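Novice: Right, I'll just put the structure down here and ask away after.
We did not get these values from a lab; they are worked out from the coordinates using the rules stated. Cβ placement follows ideal geometry from the backbone for every residue including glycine, while neighbour counts extend to all protein chains displayed.
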Ligand SMILES: [Mg+2]
Ligand SMILES: [Mg+2]
């Protein structure tokens, strides 16, 4: 199966899991967005087939209960884009595959100018470009709701919710990418970027974090089924 | 089976489910506390055997990964009690049953004077008192993180996290209680109380909500597998 081929190195969690044609998603009934999504790219899979992104329509995934759905109206005039976790550009092999990347379960409220349309997209483009020199590539993407130290010396998680459905606006997003460079051996790259305007001059390497930090902040077990010795490079090191 | 006996009317969720001796719990790797607990009561099960709560100890359940565990040190000098979601006093039929209610998975950071020790406990006693005039009784309890409309006209969820493990301090707690009064006929009671000091003169009935508000706030499906026609009483009405 295509799902087992994607989820080969572990499910980060097993909450409300949905297997689409070309990616896997875990949906959070509370935040009205994803816990995480997982993708598998090969250089062959990054080659386009009469497939058209202009045909795609933002809509909910109605396999989830009605009361836990985000709707296009939650995102209208909110100040945020509907930002795709599993990117459209990664799924080019059928119309339905890419159509599904426009399901609102794969959307999180994202700052547009300076993030989604810019620095975040850069990180997506980086992964595809790197996926081209590798045998297999696996990417986990998802929202974070990170605590901050405030004035009174205590820590608070604060995040906006938008719309009547109260879809959560993540403070940050993570992205873990696992690239198979030679059979059995992998490069690992972990990122946490703020859901905020980032100046086009900042390089993505600056948002490098350990994989341990993503796991703790996200409440997720990432690439749990991969032997750590098979990793020959974490964030550009070793 | 006992878990099947407890979960007769439905799982609110399936996230990190741990079935203990006498209750069922869903743990949240992110908040370091529970999504929900489920309890079942009969008049028989509210009778004591030689079992003593003084024997119990606050510890984590190490069946959960270490990075997702809350520790006693997180609650120490935090301003909060270890508030049991599944109450010790609902579990009087064995020593192991009660011992388990002192797992940190069953604990949430709660205000002590005016809540845990005071208004929440009354609600706990209320459920027990009713459980005695009823054939069967089912209780779902869990924490909530509720958004607030602020001055800028935007909504935010904001909550404190305590300890080095960053355990969430919930904004509110819910409790839904399903009492079987005659065979296949039910009285439904739903509550939401704020994790705050509540004056002892407020009656618990003042915290009634529709079941829908609990489902929407918590992102859970409570008693979903129950015929609404089986319910003959909602929050004191009909
Ligand atoms: Mg995007
Ligand atoms: Mg208590």
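Novice: Read through the list (1) more than 16 Å from ligand 2 (Cβ to nearest atom); (2) away from chain A (no Cβ under 14 Å); (3) crowded, with 19+ Cβ neighbours inside 10 Å, then give the number of the only condition that residue B:93 fails.
Specialist: (3)
Novice: Condition first: under 13 Å from the mean Cα position of the chain (by Cα) and closer than 14 Å to residue B:173 by Cα. Now tell me which residues in the range B:100-114 satisfy that.
Specialist: Once the filter is applied, which keeps residues that are under 13 Å from the mean Cα position of the chain (by Cα) and closer than 14 Å to residue B:173 by Cα, the range B:100-114 yields B:106, B:107, B:108, B:109, B:110.
Novice: All but one of (1) out of contact with any strand residue (DSSP E or B) (no Cβ under 6 Å at 6 or more places or on another chain); (2) buried (at least 16 other Cβ atoms within 10 Å of the Cβ) hold for residue B:15; which doesn't?
Specialist: Only one criterion is unmet by residue B:15, namely (1).
Novice: Determine which single condition residue A:8 fails, assuming it passes every other condition in (1) assigned to a loop (DSSP other than H, G, I, E, B); (2) more than 14 Å from chain B (Cβ to nearest Cβ).
Specialist: Result: residue A:8 fails condition (1) only.
Novice: Please note which strands (runs of 3 or more DSSP E) are completely contained in the range B:129-238 and include at least 1 residues that are within 14 Å of chain A (Cβ to nearest Cβ), closer than 26 Å to residue A:170 by Cβ and in contact with a strand residue (DSSP E or B) (Cβ under 6 Å, 6 or more places away or on another chain).
Specialist: B:136-144, B:155-162, B:172-182
Novice: State all residues of the range B:115-145 that are more than 13 Å from ligand 2 (Cβ to nearest atom), more than 19 Å from residue B:187 (Cβ to Cβ) and either surrounded by fewer than 19 Cβ atoms within 10 Å (Cβ to Cβ) or within 12 Å of the chain's Cα centre (by Cα) (or both); if no residue qualifies, say none.
Specialist: Result: B:142, B:144.
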